[PDB]
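# Fold and contact review
Single-letter residue listing:
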Amino acid sequence: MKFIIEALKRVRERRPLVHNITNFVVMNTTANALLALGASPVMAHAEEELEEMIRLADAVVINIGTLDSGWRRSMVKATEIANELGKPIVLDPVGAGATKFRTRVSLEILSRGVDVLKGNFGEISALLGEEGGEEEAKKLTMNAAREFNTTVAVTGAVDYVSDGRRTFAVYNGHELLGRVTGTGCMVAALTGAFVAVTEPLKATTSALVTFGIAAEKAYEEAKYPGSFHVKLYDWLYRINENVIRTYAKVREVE
Amino acid sequence: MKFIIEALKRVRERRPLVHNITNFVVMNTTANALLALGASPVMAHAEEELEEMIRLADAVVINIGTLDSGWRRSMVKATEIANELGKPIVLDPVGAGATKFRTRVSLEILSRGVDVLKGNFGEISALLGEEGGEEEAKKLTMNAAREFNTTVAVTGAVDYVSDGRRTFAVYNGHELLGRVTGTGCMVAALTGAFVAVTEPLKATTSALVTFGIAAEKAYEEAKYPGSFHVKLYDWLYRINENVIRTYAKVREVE
Amino acid sequence: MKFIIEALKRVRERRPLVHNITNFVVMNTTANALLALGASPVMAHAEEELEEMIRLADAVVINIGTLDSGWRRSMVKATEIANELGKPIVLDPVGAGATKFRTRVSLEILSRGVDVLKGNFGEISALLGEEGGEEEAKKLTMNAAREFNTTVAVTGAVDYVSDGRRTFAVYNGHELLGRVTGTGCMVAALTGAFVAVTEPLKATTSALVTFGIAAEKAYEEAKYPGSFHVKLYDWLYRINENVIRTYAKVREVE
């Protein structure tokens with residue numbers, strides 16, 4: 001899809017700085033994913049520097065994977081600062097639905113407003129439920145997008161992305177991603193780079209297609225978890241116009 | 001050994017959720033080790049969600065590698081919650097004997113009760129000493145198991161595992177593991193998966209044999225630290241009945 | 001250069017313990033870099049064990065990449081403890097100049113005294129400016145070294161290291177390092193190992209040459225970010241006298 005190739009080019013030409021207030025398991029992993037793609041990561045959470053860092057950044061990615069009271073304070077404050085400045089925010093509600101704490105904090109951030117909400121079926125369904133696979137996943141994506149007035153992506157074998165009016169289905173990816181931790185978190189981080197250079201719906205769709213293709217390419221070279229993980233970074237770096245043209249599996253729905 | 005092949009099969013069929021309250025150096029590393037083996041990891045420490053997360057989990061792994069007062073509180077509380085629910089607990093006393101703080105916290109957790117205590121000679125000897133290589137390592141393993149009323153593993157060139165009555169010696173492994181950080185921590189995390197599906201003595205022995213074989217297989221493919229580390233995950237995923245049958249080096253002692 | 005080959009040999013013969021109070025993104029990464037080189041890492045920050053850990057260590061590496069009020073307290077206390085004991089300190093002012101918080105904390109640590117200050121042009125220039133490319137980088141390195149009464153390294157395409165009286169230029173390295181996060185942090189950690197066995201100027205210069213060569217060797221084997229990252233550890237382990245003799249690009253300036 002044309003806007004995907006152009007978005008990737010924009011990310012690499014502009015080299016956006018993506019501020020991550022993320023979890024301990026994906027600190028290095030999402031930073032390297034961003035660098036491989038062509039963006040620049042910065043991980044910071046101290047309330048003493050949140051304003052200056054978010055001012056410096058082009059986008060903010062919030063990941064609650066390993067949150068606690070201290071990080072929650074930083075994440076909520078960051079959301080308020082980013083919204084005041086108009087810096088796009090990407091939220092990955094890791095574990096929402098698993099514990100009330102995660103569901104509560106996710107809704108708290110969503111109440112203030114984010115630009116992209118990205119999670120799996122269970123996480124997004126839990127958020128929409130508390131607040132109030134294909135056809136059902138598509139409906140969930142749309143309802144959540146309207147409910148939270150933002151662009152939502154419900155990831156899965158087939159990913160669905162919607163801003164409430166338009167919807168895209170992404171078929172790229174590989175099941176071995178299930179054996180590498182924080183892959184959805186990598187997508188959230190990459191989305192941060194794309195949203196810095198293009199609107200939310202196209203940015204998130206572009207992130208899913210790009211990462212999904214990288215996963216397919218990585219598997220071609222490595223059939224096992226360890227080597228496969230390494231190849232993900234290789235392909236986030238190597239993916240280009242020709243690869244997207246030949247591997248992209250995405251369509252607009254409805 | 002037959003119970004090892006069966007334990008591995010059980011881990012992969014049941015896909016247990018292993019809750020880790022661990023150290024910053026091994027967050028990603030132990031999560032990916034668990035995923036490669038066939039289990040599911042979850043890293044969480046917030047006191048606001050410990051009960052719900054431990055309720056969700058099938059086993060709890062505590063690693064004090066980078067502890068502080070805040071994490072200590074979470075670890076002790078987790079131990080009390082897990083014991084009330086009957087969820088097996090694996091403790092890796094990283095650095096016990098190196099600082100009083102680590103020795104103290106380890107004994108505090110052991111006093112409440114764990115199902116598996118796993119560490120090297122120095123760590124376990126320090127715990128047994130404060131509380132109160134082969135032949136000496138074997139005796140240490142046994143005395144510690146009776147002292148702390150649990151299954152203990154003293155890792156080394158040859159690993160010893162004992163529940164106080166029975167003891168096993170594991171000869172699998174490779175010295176290059178000494179050049180990859182947190183490998184013992186990987187074993188503790190994997191033990192969490194095994195203990196969710198089989199009793200402590202067999203679970204820990206199975207974890208040591210499985211990881212030890214993965215280390216041997218990884219070295220066959222990679223002779224240097226970086227590439228060797230990557231291959232560990234590949235083999236935790238590839239190891240199967242035939243590999244265990246042909247590579248396992250384990251025997252019951254006494 | 002002869003003192004580099006000898007320093008590397010000393011690191012591997014003595015296997016120094018390098019205490020790191022570092023950032024979340026480089027926890028595993030710097031630990032494995034140290035192990036590959038031949039040193040032993042230990043990551044600890046709890047005020048309850050700082051004294052015992054620094055007493056145990058041969059050098060202390062402080063990295064403010066993901067600091068907060070809690071870690072700042074630990075870092076400042078560690079600096080005071082290390083100086084009282086005479087344990088060499090390496091400071092990597094990650095992000096100094098980006099936020100006042102990072103600049104402030106860096107200067108606070110520098111005021112108490114460190115043995116090696118290592119950062120890029122922007123970070124060191126911000127510290128020297130607040131306190132008060134080649135020719136300019138060289139002048140910066142020298143002025144900063146005299147200003148902070150320590151050995152300073154301003155990293156870049158060409159690295160400059162000076163203790164205020166003597167200066168060295170390092171030409172080794174590869175641009176792909178820009179696509180792997182925390183590479184400068186890896187150098188700071190390695191410097192911790194070298195400074196434990198040789199004086200600051202030679203230790204830092206040796207660290208830059210060794211890592212720079214590892215980068216060149218890694219690129220020869222891997223042209224993409226993921227695989228390249230893995231090969232860095234392989235070569236920190238494989239580099240030896242012959243490789244240094246044939247690849248080293250370093251000279252004393254002035």
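Before reading on, note that the structure itself is shown above.
The structure contained in this document is the topic of the report that follows.

## Section: the overall build of chain A
Looking only at helices and strands, chain A features 11 helices and nine strands. For chain A, whose C-alpha radius of gyration is 16 Å, the value lies close to the compact-globule estimate of 18 Å for 254 residues. Looking at chain A residue by residue over its 254 residues, the buried ones come to 65%. Summing over all exposed atoms, chain A offers an accessible surface of approximately 8,900 Å²; the carbon and sulfur share of this is 44%. Between the averaged position of the 30 positive side-chain charges in chain A and that of its 32 negative side-chain charges there is a distance of 4 Å.

## Comments concerning the relation of the copies chain A and chain B
Mapping chain A onto chain B leaves a residual RMSD of 0.0 Å; the transformation is a rotation of 120° accompanied by 0.0 Å of translation along its axis. Taken together, the rotation and translation describe the operation of a three-fold axis. When C-alpha distances to the rotation axis are compared across chain A, the minimum falls at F24 of chain A, with a value of 3.9 Å. Here only 8% of the interface residues in chain A have copies in chain B that are interface residues too; the copies meet through unlike faces.

## Here's the deal with the relation of the copies chain A and chain C
Overlay of chain A on chain C (RMSD 0.0 Å): rotation 120°, translation along the axis 0.0 Å. Both copies present different contact surfaces, since only 8% of the interface residues of chain A are interface residues in chain C too.

## Details of the interface of chain A and chain B
In this assembly, 25 residues from chain A lie in contact with 25 residues from chain B. Overall, the association of chain A and chain B removes approximately 2,100 Å² of surface from exposure, summing both partners, and the carbon and sulfur fraction of that is 60%. By the criterion of area lost to chain B, the three top residues of chain A are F24, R179 and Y224 of chain A, representing 28% of everything that side buries. Where chain A packs against chain B, one counts one salt bridge.

## As for the sheet that holds strand β8 (residues 167-170) of chain B
Residue and element names in this part refer to chain B. Spatial ordering of the open sheet is given by β2-β1-β3-β4-β5-β6-β7-β8-β9, a layout of nine strands whose pairing is mixed. The open sheet has two edge strands, β2 (40-43) and β9 (250-253), and neither has a second partner. On average, each strand axis in the sheet is inclined to that of its neighbour by 20°, with strand direction left out of account. The sheet contact formed by strand β4 (residues 89-92) and strand β5 (residues 116-120) spans two bridges and is parallel. The residue bridging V90 from the neighbouring strand is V116, located in β5.

Rules of the game
Numbering of residues starts from 1 on every chain and follows the written order of that chain's sequence, so it may differ from the entry's own numbering; residues lacking coordinates are omitted. Throughout, the order in which chains and ligands are written sets their labels, letters from A for the former and numbers from 1 for the latter. Computation of side-chain values: all heavy atoms of the structure, hydrogens and water removed. In this description a helix means any DSSP run of H or I spanning at least four residues, a strand means any run of E spanning at least two, and both kinds are numbered starting from the N terminus. The size measure is the radius of gyration over C-alpha atoms, and the globule rule it meets is 2.2 Å times the number of residues to the 0.38 power. Accessibility here uses a 1.4 Å probe with only protein chains present; expressed as a share of the type maximum, an area under 20% marks a residue as buried, one over 50% as exposed, and anything in between as partly exposed. All accessibility values rest on the Shrake-Rupley procedure with a 1.4 Å probe; residue burial counts only the protein chains present in the view. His is not counted, nor are the chain ends; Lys and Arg add positive charge and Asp and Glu add negative charge. The atom standing in for a charge is NZ when the residue is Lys, CZ when it is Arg, CG when it is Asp and CD when it is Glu. The way the copies are matched up is a least-squares superposition on C-alpha atoms. Contacts are assigned to residue pairs that have any heavy atoms within 4.5 Å of one another. Summed over both partners, buried area is the accessible surface (1.4 Å probe) that two parts give up on being assembled. Every case where a carboxyl oxygen of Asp or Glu lies within 4 Å of a side-chain nitrogen of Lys or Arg is listed as a salt bridge. Being paired, for any two strands, means DSSP has found at least two bridges between them. In this analysis, axes come from line fits to C-alpha atoms, helices being fitted only over the stretch in contact, and the angle between any two N-to-C directions falls in the range 0 to 180 degrees.

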